[PDB]
2 protein chains.
Amino acid sequence: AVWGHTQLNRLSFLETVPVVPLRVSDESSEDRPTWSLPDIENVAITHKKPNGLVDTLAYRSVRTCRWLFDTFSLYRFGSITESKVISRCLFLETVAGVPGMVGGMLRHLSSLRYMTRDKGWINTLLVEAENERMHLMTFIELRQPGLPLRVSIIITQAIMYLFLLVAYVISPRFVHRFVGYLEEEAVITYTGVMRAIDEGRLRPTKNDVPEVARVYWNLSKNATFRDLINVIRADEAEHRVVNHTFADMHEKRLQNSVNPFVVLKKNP
Amino acid sequence: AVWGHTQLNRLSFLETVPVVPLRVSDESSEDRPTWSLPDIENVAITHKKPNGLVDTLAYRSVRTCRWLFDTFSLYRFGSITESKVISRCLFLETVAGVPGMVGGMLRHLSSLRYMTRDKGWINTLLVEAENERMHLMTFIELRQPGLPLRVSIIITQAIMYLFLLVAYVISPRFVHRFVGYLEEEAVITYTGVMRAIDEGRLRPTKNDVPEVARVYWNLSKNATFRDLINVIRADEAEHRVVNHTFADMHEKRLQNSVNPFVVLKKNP
Ligand SMILES: Cc1cc(O)ccc1C(=O)OCCCCCCCCCCCCCC[PH](c1ccccc1)(c1ccccc1)c1ccccn1
Ligand SMILES: [Fe+3]
Ligand SMILES: [Fe+3]
Ligand SMILES: [O-]
Ligand SMILES: [O-]
């Protein structure tokens with residue numbers, strides 16, 4: 001390590017900015033999903049029974065939202081394509097990148113002012129927030145969108161930021177649960193797509209899988225489009241449980257407990 | 001670890017929170033400091049020049065905040081003591097947590113809304129916000145603060161949070177400059193403290209170091225109160241440069257250029 005007091009005693013490294021590479025492995029934190037595709041081949045669709053008015057409210061937000069989206073996206077009118085898959089999935093990660101961020105931060109500030117230990121919830125919500133971004137940079141590559149969709153993103157994030165921000169204030173049981181179902185709805189989408197290839201109801205023409213994604217998911221150089229999905233969907237299922245476990249931890253007043261999943265990924 | 005479809009497919013993990021241990025490592029990301037004590041020994045006090053109004057103004061805004069906070073915290077009143085110091089820093093780290101955070105959280109939303117690579121900023125600031133939050137997490141473990149101080153912290157937090165937030169949106173350079181110029185003082189103060197220990201005016205009793213500190217900073221189980229202030233001094237010296245470096249890039253219409261520390265920390 002050549003990181004020390006000489007470098008710390010400097011005023012700037014603006015000097016050095018025109019001689020440092022744009023390496024696509026510096027995009028993310030050194031904190032990557034490590035899957036294996038035979039195994040994540042068998043991620044299944046699930047569903048969690050709603051307990052109270054909150055899990056119910058959550059569920060209705062998330063079904064009502066879908067219906068509307070499916071109709072304003074025109075998505076289930078006529079056949080499928082690769083346009084509409086990528087489009088839905090690009091738009092939607094813009095919104096997906098947020099919750100974990102407004103939650104991640106809230107736990108941060110909440111720690112700081114009460115000077116209480118966070119027992120590991122923050123980073124997970126932060127490294128989610130990154131993940132779902134990373135899906136969006138990946139989807140950036142396969143298809144760039146016209147102004148129309150670039151706008152809808154802005155005005156939507158504007159809205160979805162705020163809502164989340166104040167829901168996560170009031171009942172971050174509402175919000176951790178609300179995510180839970182959004183991941184359940186997604187982990188469908190991404191199977192239905194993995195089952196579309198299989199058969200031949202859709203022709204992947206991006207069997208050059210983006211560089212960004214290759215380094216991010218550590219896929220071998222000959223990965224297909226399906227191979228992308230399967231690792232996105234696995235990540236999407238990780239949150240499905242994690243934000244349901246978190247919504248459950250709230251239900252029974254365990255917001256101050258240790259985030260199980262820091263141990264459940266390192267283990268004995 | 002064993003983290004595959006079978007966990008992903010099991011619905012919640014509420015069941016397991018009574019059986020997960022509370023391991024001090026897990027409080028923080030794995031993305032920690034890694035100093036060498038005699039290297040960091042020669043962390044030195046530096047003062048970068050203001051360029052424009054923005055730089056000069058941000059620099060006044062720190063010196064006014066130091067003049068205020070010192071007199072009003074009675075700090076300027078005779079002899080250095082161990083406890084008025086831990087009180088000092090404890091407070092300061094509860095704010096030092098915030099701007100690293102709003103920084104990541106604002107660049108992140110931009111990334112998702114304009115669909116663009118971040119190129120390694122988001123994560124470098126987010127660890128800064130964690131590093132300070134960890135300083136805190138150590139400091140609190142040296143002294144519990146009283147309600148009059150628990151109360152000042154919770155008021156501060158909002159006034160700052162919403163300061164940093166509107167000032168970020170407005171002018172990130174101003175912030176980064178402001179934080180550069182804040183963290184200069186961070187270095188002044190912690191150096192001087194070690195100038196009290198090496199010497200005599202301070203003869204501290206907390207020469208146990210809390211275990212949040214030792215796993216986070218990788219120190220021996222026989223590290224001193226000097227040593228701990230010295231890595232913190234290091235940590236703060238890291239933060240000092242980066243934010244002056246960031247503001248500078250922002251000054252030189254270079255916002256979206258790769259963050260140049262993702263190499264200067266990594267290059268093998
Ligand atoms: C809160 C606190 C104060 C101290 O002096 C010391 C420690 C703590 C503390 O809990 O440490 C912070 C731990 C990190 C998480 C931040 C939690 C602090 C805010 C919530 C504490 C109250 C318990 C949740 C009641 P919230 C709730 C949400 C989910 C599950 C259960 C309860 C609620 C319920 C019914 C009616 C109205 C509100 C709620 C209210 C306010 C903000 C967020 N959520
Ligand atoms: Fe997603
Ligand atoms: Fe998702
Ligand atoms: O998704
Ligand atoms: O600080």
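Counting starts with 1 at the first residue shown.
When the header is checked for method, it gives X-ray crystallography, 3.0 Å.
Each residue, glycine too, has its Cβ placed from N, Cα and C.
For B:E93, B:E132, B:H135, B:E236, the entry in Swiss-Prot reads Fe cation 1 binding site. Residue density at B:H135 (Fe cation 1 binding site): 27 other Cβ atoms are found within 10 A of its Cβ, drawing on all protein chains shown.
DSSP gives B:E183 (Fe cation 2 binding site) a helix state. Neighbours of B:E183 (Fe cation 2 binding site), defined as other CB atoms within 10 A of its CB across all chains, total 25. Under the heading Fe cation 2 binding site, Swiss-Prot lists B:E132, B:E183, B:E236, B:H239, citing experimental evidence as support.
Within the chain, the transmembrane segment (B:85-105) has long-range Cβ neighbours (under 8 A, six or more residues past its boundaries) at 73, 75, 121-123, 125-133, 135-136, 139-140, 142-143, 145, 149, 152-153, 156-157, 160-161, 164-165, 168, 172, 175-176, 178-179, 182, 186, 189, 193, 202, 239. Residues annotated as transmembrane segment in Swiss-Prot, with sequence analysis given as evidence: B:85-105 (among others).
The transmembrane segment feature in Swiss-Prot is assigned to B:151-171 (among others).
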Between the Cα atoms of B:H239 (Fe cation 2 binding site) and B:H135 (Fe cation 1 binding site), what distance do you get, rounded to the nearest Å? 13
Fewest other CB within 10 angstroms, which one of the binding-site residues B:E93, B:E132, B:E236? B:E93
Across all the protein chains here, work out how many other Cβ atoms are within 10 Å of the Cβ of B:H239 (Fe cation 2 binding site). 26
Of the binding-site residues listed as B:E132, B:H135, B:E236, the one whose CA lies nearest the CA of B:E183 (Fe cation 2 binding site): B:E236
